[PDB]
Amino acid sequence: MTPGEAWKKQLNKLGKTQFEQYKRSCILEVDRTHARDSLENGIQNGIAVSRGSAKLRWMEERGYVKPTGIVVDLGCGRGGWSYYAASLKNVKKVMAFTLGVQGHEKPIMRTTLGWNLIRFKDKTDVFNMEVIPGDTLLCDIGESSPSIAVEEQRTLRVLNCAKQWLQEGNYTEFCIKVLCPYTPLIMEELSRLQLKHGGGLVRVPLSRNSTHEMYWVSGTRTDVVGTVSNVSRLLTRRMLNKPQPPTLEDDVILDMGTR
C-alpha cells in the first residue's frame, strides 16, 4: 500500500460524525455565508458561485496557473473557475462545458467582471467531445468514491482527456484536477505526462481532508512520488490527531462589469 492507499482505507473506517469532524480539521475554509445568501436569492453581486473559485484563486495568486488568452473550463459546474478566469486581465475568452443535468450543477448566470467573455455550454460530456484549441486548459473534474478503484478510473479518464487536449490544442497554461494521485498507476501516468508537458503537483489547503485531490499545474515543478506522499502523510497525521476547527478566510469577491 502507498501511504495514500493506507490513508483511504482508514478514511473508510470513520463513522459519520468522525468523518465530518475530520474533513474540516485544520484546513483553510472560506466563509460562504454571504455567497449562499446571494445565490439562494438570485442577488447579482460579486460573490463566487462556488467554493471552487477560492481554490483557483489560491493557485493563481501563487502563479501555479496564469490564465491567459483562450481559456477552456472542462467540468465548469456553476462556473466558479470560469467567472474567476474571466476577470483576469490577460484572458480573452472562456469556453466552459459541463453536464448540467439530473442533479449535476448547472452554470449560474452572474455579472462579475468579464462575464460577457464566457460562453457556457451544458449538456456536454467533456470526455466525448472534440478538442478545441486554446491557451489555458482548466479541468476540475473528479468525483470522490469510497472505492480506490473507482477514483483511480475517474482520475485516469481526466488525465487521458487532458493529455489529448494538451497534445491537439496547443495549450500553454494548465490546471488539472487529479482526484486520486496516490496509486502506482496514476503516479506512473503523472510522471509520463510531466516528462512531455512539464509542471508539478500542488495541494490546495482549502481542499477538505476527506479528499486527496491535488492539481497538476504548469507554473511549478515538483516530483510525483515524494510530493504526493507528503500530502498522504499530512492527511494521515490529521486523522490521528484530535480534530481542530478550520481557519476561516475571506471568500472571493469580484468586481462587476463587462470586458
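The first residue of the shown sequence is 1; numbering continues from there.
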property	result
Higher-scoring stretch by recorded Cα B factor average, 39 to 47 or 197 to 205	39 to 47
Mean temperature factor over C-alpha atoms, higher-scoring stretch between 145 to 153 and 117 to 125	145 to 153
Criterion, highest CA B-factor; candidates, 163, 177, 110, 78	163
Highest recorded Cα temperature factor - choice among 55, 212, 192, 62	192
Residue 130 - Cα temperature factor, lowest/middle/highest third of chain	highest
Where the record places residue 188 (Cα B-factor, split into thirds across the chain)	highest
Chain-wide C-alpha B factor ranking for residue 218, given as lowest, middle or highest third	lowest
Residue 10 by Cα B-factor - lowest, middle or highest third of the modelled chain	highest
Cα B factor band for residue 18 (lowest, middle or highest third within the chain)	highest
